[PDB]
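Below, in structure tokens: the form deposited in one PDB entry, a single chain.
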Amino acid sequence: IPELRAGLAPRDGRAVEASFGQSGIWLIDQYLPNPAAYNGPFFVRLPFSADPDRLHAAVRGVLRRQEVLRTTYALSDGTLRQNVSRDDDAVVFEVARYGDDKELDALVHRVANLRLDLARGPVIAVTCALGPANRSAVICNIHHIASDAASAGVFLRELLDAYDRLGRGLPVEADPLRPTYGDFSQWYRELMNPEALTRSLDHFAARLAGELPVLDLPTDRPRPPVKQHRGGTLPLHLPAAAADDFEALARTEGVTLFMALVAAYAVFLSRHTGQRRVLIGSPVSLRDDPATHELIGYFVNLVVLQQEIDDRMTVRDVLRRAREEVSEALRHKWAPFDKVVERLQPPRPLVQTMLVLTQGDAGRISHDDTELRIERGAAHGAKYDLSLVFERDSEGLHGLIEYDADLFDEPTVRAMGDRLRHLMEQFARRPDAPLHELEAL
């Protein structure tokens, strides 16, 4: 797998083609809300009161060092292109006040519900929120065509570094040795040469051949003709003990934590739908190369995982079947989801639910000897029926549910969450047990 190098894309001024991910995203954009909350608008509470003018000047420094934040999109002869502008002030900005968490959440909602223009920009909004005493907060919305979950950490590190440099009178400018998102976009297209792309597509086309199941969850309402794009969230409240045991199960059985969650979630879905086969989408990070680790952009590909469940399999059986499914999918993870879709020709996609695992250390930023936390807003467009979003660090494993309120009332979701965390507790307690001997509630 070749290394990403700066200058791969023409540094002459010619506009680079959008990456596989940007192209799929641009196609669907209808000025909807952010599809998901885990990778959406965010904020960080500061243990000082930030100066608004210098914070704004720090933001312009971040735009200079982060080329995707100055990028708009347009078709040029049948090809979508990334048009980079020199204007480091293309940000939707405001200074506002709050006195408590409710007032802060009101400011977050305003930022989170912007519907940014991809043709003209800006693609980023920032609010400098002034709190009581020595408190303040930065609120940020980056359009998902220009970001992913990890981008939030990148943005805040760049912003706090620029803030501090500008305070010391130092300059804040682009790193010419760092690759851009345009370089990564070209690198991705070179990686997916025609033979390598057919090979990876061929894999998923074989795995997902035939009549695929459509997730059949019990709902409070039928799917409406008009989607209203109204997402809810609900924390799992997975007990710390059960969470620690679930992590212990994973390593004891030789599976990653993610493989374990995928298996338990598949069992949960199989029970609730009465369906043997379940499909779970997962957004896999493409940040393998460390040259991507300080770049804002869409460094993700959605990968489809298929599992077959029945209640005579044991916990250990499903863990090991998830290990094989995840292993092969990750081996072909560079297959762009939208080309997988095009190759499969479903009845117009593939997946109606998603599972995500983040390392909680990506939501932790050190600044001036203190630790800061990246917090997500709760509002989203409910792209899927429901998405399980897990985060694990040394301090423990925890999760939340993002759900489509067009289908579910919140107590239904709380009941689902209640069964899922119970199941996960039984998984760790009885790896040898057949699933039918794991009793409900």
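Throughout, we count residues from 1 along the sequence that is shown. By rigid core we mean the largest C-alpha set that fits within 1.5 Å across both forms.
The following text describes the form deposited in another entry, which does not appear among the structures shown.
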field: Candidates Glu247, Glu342, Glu308, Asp361 - which moves between this form and the one not shown, C-alpha at least 2 Å, core fixed
entry: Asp361
- request: Examine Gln30 after superposing the rigid core and state whether its CA is displaced by 2 Å or more between this form and the one not shown.
  value: no
query: Would the C-alpha of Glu410 be classed as shifted by 2 Å or more between this form and the one not shown after rigid-core alignment?
result: no
message: For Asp53, does the CA position differ by 2 Å or more between this form and the one not shown when the superposition is done on the rigid core?
response: no
message: Given that the shift is 3 Å or more, do the Cα atoms of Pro411 and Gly360 end up closer or farther apart in that other deposited form than in this form?
response: farther
query: Compared with this form, is the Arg287-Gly360 Cα separation smaller or larger in that other deposited form, the difference being 3 Å or more?
result: closer
